[PDB]
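Following this: a sequence and the matching experimental structure.
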Amino acid sequence: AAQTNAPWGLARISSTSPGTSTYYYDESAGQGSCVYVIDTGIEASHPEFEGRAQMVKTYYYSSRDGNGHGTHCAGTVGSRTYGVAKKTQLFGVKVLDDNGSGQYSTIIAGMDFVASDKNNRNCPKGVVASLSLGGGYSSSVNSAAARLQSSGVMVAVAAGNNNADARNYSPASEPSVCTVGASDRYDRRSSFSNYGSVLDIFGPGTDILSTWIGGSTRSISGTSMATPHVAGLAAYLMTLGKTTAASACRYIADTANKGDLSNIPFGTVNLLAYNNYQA
Ligand SMILES: [Ca+2]
């Protein structure tokens, strides 16, 4: 399949080269997988999700996204126009308030919840978690992400936006998960991206067009935005029979575009997510 005039980040993940604007992919497009978007919430009634999205849990008075950030991440995972895996099921877990803030104890409970709830959903091709959140180092937070990954979910987490070594942020710094940094459309590491030994992969995260609340759209940047490109890719690749939740991260890193990013600090992987799709 080919989607012409795609967002730059979708085109980038099916290209050997920067500078093209058509997203190629296998039509199965994540059918039978499911992605949990653990964040501010998802506006499931936004036309771009076509009934494939639903809130499953909140820790606040409402399940509604009053922020936008979770709907945007959800859109890159699996909105019809702005998403990677356009036939996935999305589920939404509101662990963050409408100002984008959350306590670590609620963040940990949301991870626990997802580890169990995957047994109440029909996700034959597997389950991915997308975590566009974090903060200063916490072993309990890392331990929860580790538990979530061990249970059989493919965990993708944002490296953080401090232009710093990610070893001092959680769950960024947990070696068992897939830690994702961001690039721009010129194949440079994004200026704010974290880095270091613990990063697995880069994805597009500068000037990322996606769904927003109010049935709207906007273009925003962050390691928050890079993360759901890898999640949808993992959803996509699991539906294709190419890998499993335990192996997904490793398979993405091994089949990535190599050595094409500039602005890479010594000791950081120069690897960019790529679907390997040959029409
Ligand atoms: Ca890993």
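That came through, no problem. Numbers count the residues shown, from 1 in each chain.

Reduced to three states, what does the residue of the chain positioned farthest from its centre come out as?
Taking CA atoms, centre = their mean, the residue of the chain most remote from its mean C-alpha position is residue 61, at 25.9 Å. Look at residue 61: counting by DSSP: H, G, I helix; E, B strand; the rest coil, its state is coil.

for the ion, what are the nearby residues on the protein?
Proximity of the chain to the ion, by CB under 5 Å from the ion, involves residues 200, 249. Heads up, the C-betas are built off the backbone N, CA and C, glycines and all.

Give me the most central residue, the chain.
For the chain, the residue sitting closest to the mean C-alpha position, by CA atoms, centre = their mean, is residue 228 at 2.0 Å.

what ranges do the helices span in the chain?
Counting by DSSP state H, the chain has helices at residues 8-13, 69-78, 104-117, 139-150, 223-239, 248-254.

ok, the closest residue to the ion within the stretch 1-150 of the chain - how many residues close by?
Residue of the stretch 1-150 of the chain nearest the ion, by CB to the ion: residue 149 (8.5 Å). Neighbours of residue 149 under the rule other CB atoms under 10 Å: 24.

Repeat that for residue 101.
11.

residues contacting the closest residue to residue 170 other than its chain neighbours?
Nearest residue to residue 170, sequence neighbours excluded (CB to CB, 6 or more residues apart in numbering): residue 141, at 4.1 Å. Contacts for residue 141 were tallied using CB atoms under 8 Å, 6 or more residues apart in numbering; they are 104, 107-108, 135, 170-171.

Now which of those would you call buried?
Neighbour counting with 16 or more other CB atoms under 10 Å marks 104, 107-108, 170-171 as buried within the contacts of residue 141.

mind putting the residues you listed in CSV, distance to residue 252 included?
Compiled in CSV, the buried ones among the contacts of residue 141 are given as follows (distance: CB to CB, whole Å):
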residue, distance to residue 252
104, 27
107, 24
108, 26
170, 21
171, 18
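
Residue 23 contacts residue 8, correct?
No. Using CB atoms under 8 Å, residue 23 is not in contact with residue 8, being 9.8 Å away.

Of those two, give the one with the bigger neighbour count.
Remark: of residue 23 and residue 8, residue 23 carries more neighbours, 26 against 21, as counted by other CB under 10 Å.

partner residues bridging that one?
Beta-bridge pairing of residue 23 under DSSP bridges involves residue 3.

Which residues are in contact with it?
Residue 23 sits next to 2-3, 6-7, 10-11, 13-14 when contact means CB under 8 Å, 6+ apart.

please redo it, this time with the cut-off set to 6 Å
Neighbouring residues of residue 23 by CB atoms under 6 Å, 6 or more residues apart in numbering: 3, 6, 10-11, 14.
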